[PDB]
Number of protein chains: 2
Amino acid sequence: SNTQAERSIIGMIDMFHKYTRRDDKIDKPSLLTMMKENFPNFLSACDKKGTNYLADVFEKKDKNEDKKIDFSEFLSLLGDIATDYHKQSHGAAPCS
Amino acid sequence: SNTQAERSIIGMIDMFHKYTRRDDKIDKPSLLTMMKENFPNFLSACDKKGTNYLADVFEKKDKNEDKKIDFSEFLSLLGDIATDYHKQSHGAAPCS
Ligand SMILES: O=S(=O)(O)c1ccc2cc(N=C3C=CCC=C3)ccc2c1
Ligand SMILES: O=S(=O)(O)c1ccc2cc(N=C3C=CCC=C3)ccc2c1
Ligand SMILES: [Ca+2]
Ligand SMILES: [Ca+2]
Ligand SMILES: [Zn+2]
Ligand SMILES: [Zn+2]
């Protein structure tokens, strides 16, 4: 009875919870695994452009420098991926 | 060949573009239609709790007060919906 958009939001929370530790936050090796497992085509587009997105993603998104990615910082990471796909839809190259 | 997570991000951009005007932004009646069409179960949970989420969503999310919701403000709206589902998964009531 949920719509495609509601299922996508619910699945986003469930995806976060595949990778969290017991403090409900994602550490660095688990964040890189999450990216490889869930955004491999995005990552491959970046590599084609000469960008290794995994070299700096944790440092860029761990905004409070606690060495963990909490749910708010995870939303910001999904917002960056979504913003790259929105620029592509307007004719930008991937991973711009 | 895209994963479920990549399909969800792509579908999010496509959903934004169902509702934009020619300036790539969503006006107020189209934002309310988008919510009714895409998040009806979320909305129904809010109504059960006595909250009419559509009364104030535009005013809360139009952060630069230009009377349009641009892609950045649309991501913030999806982040609020996702944060409510993340609190529910931790045992909060819906639409808290
Ligand atoms: O046709 S599919 O490629 O299988 C597809 C997948 C997910 C979608 C998410 C959509 N909406 C979202 C809402 C909130 C967060 C992410 C996507 C809309 C359409 C979608 C379509
Ligand atoms: O089994 S389903 O209910 O049909 C489903 C639907 C969408 C998902 C999105 C997922 N990941 C997302 C990534 C980015 C933005 C939104 C969701 C993960 C699992 C999902 C599962
Ligand atoms: Ca952090
Ligand atoms: Ca605005
Ligand atoms: Zn959690
Ligand atoms: Zn656009």
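Following Swiss-Prot, chain A shows residues 2-97, kept in their order.
For all residues, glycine too, the Cβ spot is worked out from N, Cα and C.
The Zn(2+) binding site annotation in Swiss-Prot covers A:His18, A:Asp25, A:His87, A:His91. Per Swiss-Prot, Ca(2+) binding site is recorded for A:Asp63, A:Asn65, A:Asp67, A:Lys69, A:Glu74. The disulfide bond annotation in Swiss-Prot covers A:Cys47-A:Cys96. Look at Swiss-Prot and you will find A:50-85 tagged as domain 'EF-hand 2'. Per Swiss-Prot, N-acetylserine is recorded for A:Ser2.
With every protein chain in view, the residue among the binding-site residues A:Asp67, A:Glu74 whose Cβ has the most Cβ partners within 10 Å turns out to be A:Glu74. Chain B comes close to A:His87, taken from the recorded positions A:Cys47, A:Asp63, A:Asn65, A:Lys69, A:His87 by a C-beta to C-beta distance under 8 angstroms.
When secondary structure is read from DSSP and collapsed to three states, A:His87 (Zn(2+) binding site) falls in the helix class. Here the candidates are the recorded positions A:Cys47, A:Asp63, A:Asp67, A:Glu74, A:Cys96, and by Cα distance the one nearest A:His18 (Zn(2+) binding site) turns out to be A:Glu74. With respect to A:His91 (Zn(2+) binding site), the closest of these recorded positions in Cα terms is A:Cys47, chosen from A:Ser2, A:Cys47, A:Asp63, A:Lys69, A:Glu74. With the fewest other Cβ atoms inside 10 Å of its Cβ, the least crowded of the binding-site residues A:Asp25, A:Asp63 in this structure is A:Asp25. In sequence order, A:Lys26, A:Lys62, A:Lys64, A:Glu66, A:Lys68, A:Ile70, A:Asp71 are the same-chain residues whose CB sits within 8 A of the CB centroid of A:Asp63, A:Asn65, A:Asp67, A:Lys69, A:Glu74, the residues recorded for Ca(2+) being left out. Across the fold, the C-alpha of A:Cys47 (disulfide bond) and the C-alpha of A:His87 (Zn(2+) binding site) stand 15 Å from each other.
Each of the binding-site residues A:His18, A:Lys69, A:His87, A:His91 was scored by the other Cβ atoms within 10 Å of its Cβ; the lowest score goes to A:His91. The shortest Cα-Cα distance between A:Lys69 (Ca(2+) binding site) and any of the recorded positions A:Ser2, A:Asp25, A:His87, A:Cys96 is the one to A:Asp25. Among the recorded positions A:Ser2, A:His18, A:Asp25, A:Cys47, A:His87, A:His91, not one has its Cβ under 6 Å from an atom of ligand 3.
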